[PDB]
Each structure stands twice: as C-alpha cells, then as structure tokens.
C-alpha cells in the first residue's frame, strides 16, 4: 500500500493473507472472505498453472503479519477459466477452505455489490494489504496491515492515461471493461497487495468493488492501479459461492 496509514484493528474484518509453503509460510497475496468457506482473490496469485494445494494456506485478518498466525488449509482452488494473464483480464479466483470459519465483529465476510453497481468517480473507496509501501520498497516489520483511500476514475480516462508515453495505438484497449481503476501518484496498491480487496461504502454498506490486479509500477505518473471489476464476474462467483 502506497501512501497509507496503519489500519485500526476494528477495520477490514474480511482482509486475508495467502501463504505459500517454504522456509516459513510467507505472504504472497491478499484476498477477502466473502463466505464462511470462501475467499476471493486474484487469479494471477494462484494461476494460470495448477499448484499443489498442500503448499497453500490462508491467514484470516491479522494486525501484523506472522505475529499471531493461525493458518487454515485450502481444499479447492477455482480460477476463472478465461484467465491467462492480468493484462488480458478475468483476473479473479476462489479458494474453498477445508472448514467453515466462525465469524465475529473482528473477522467476517465482505459484501459483494449488486450487478448494477457502477462505483462512479467521487465514490469513497479504500484498498488494503501488506504490500510494498513503494516501488521496490517492502513493508518493513512488524508488517502492519495498511489502508489507503483511493480516487476512482472512469475506465476511458485511465485507458487514455495508459496510452500516454506509449507506442500502443490509441484504439487498442489497455484498461478493459472487466477492469476498474483507482489511485494516483500518492495513493495506490503495490506488489504484495494483489488479490486484496478494493471496497467502497455505498449507502452505509461496504461493497467490494474490485480485486487488486495490476498496474505499471505503483503510484506512477499516468499509470493508475488496475483492479478486476467484481460486478463483471458475479454470475461466475455464484456458480460456486452460495448467496
């Protein structure tokens, strides 16, 4: 998270951390609990290639990474079939926990948006995670969960910015329709935040608008962060996650 602040313990009850087996269960991506038994994340975090489930674990909200670990095993990894790379699209996936989780005010699910939600510019949205605080700058220990308010912009505006300083032809779509963009040169998500949630409060209810996907670097000029647009894959999600 670029330009944020440590998040209060009472916020982002849905934030999760994905861990891969190694010298220690290291965090590689974020995600979000959307159901007692399901975690939503980015497909590039766990695919496109099939991985060994055993070498994967999920950590529920933690104020500081690695501090109070209580790792949960994963029974299933479900990656959107249309995915291959984040730039192309469909950067979304689901993780089924081996056992349901017990929710509480400190740990519970995030609300998914109705298929019609647009999240127009000027909407209050936040992104969270344990990613780098800047390009090539990792979050230093004790690794606090960070949060930053990001400005949402229209897809066509970001698409135009990505073409500035690029050879890519103006009519060749970069920021696609199943994507959503936010952030600026002071506020953005970064490496390590992938898979994490981008949420906005709409009428007193927090809705996950996106999943941290990609971007050219972090908080760089004319290169706002790109997120997978959740409303675009609601149907797919519901083919696995009950209402």
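Positions refer to the first chain, counted from 1. Definition used throughout: the rigid core is the maximal C-alpha set that superposes within 1.5 Å between two forms.
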Worksheet, complete the sentence: After superposing on the rigid core, the stretch whose C-alphas lie farther from this form in 9 other deposited structures of this protein, comparing 115 to 123 with 140 to 148, is 115 to 123
Worksheet item: Out of 131 to 139 and 167 to 175, which one has CA B-factors that are higher on average in the deposited record?
Response: 131 to 139
Practice prompt. Look up the CA B-factors in the entry and say which stretch, 27 to 35 or 51 to 59, has the higher mean.
Written response: 51 to 59
Worksheet, complete the sentence: Based on the PDB entry, the highest CA temperature factor among the options 73, 89, 121, 144 is that of 121
Item to complete: Would you please rank residue 188 by its C-alpha temperature factor against the other modelled residues of its chain and give the third it falls in: lowest, middle or highest?
Response: middle
Item to complete: Could you look up the Cα B-factor of residue 10 in the entry and say which third of the chain it sits in: lowest, middle or highest?
Response: highest
Worksheet item: Sorting the chain's CA B-factors, does residue 19 end up in the lowest, middle or highest third?
Response: lowest
Fill in: CA B-factor ranking of residue 109, expressed as a third of its chain
middle
Worksheet item: In terms of the CA temperature factor given in the entry, to which third of its chain does residue 200 belong: lowest, middle or highest?
Response: highest
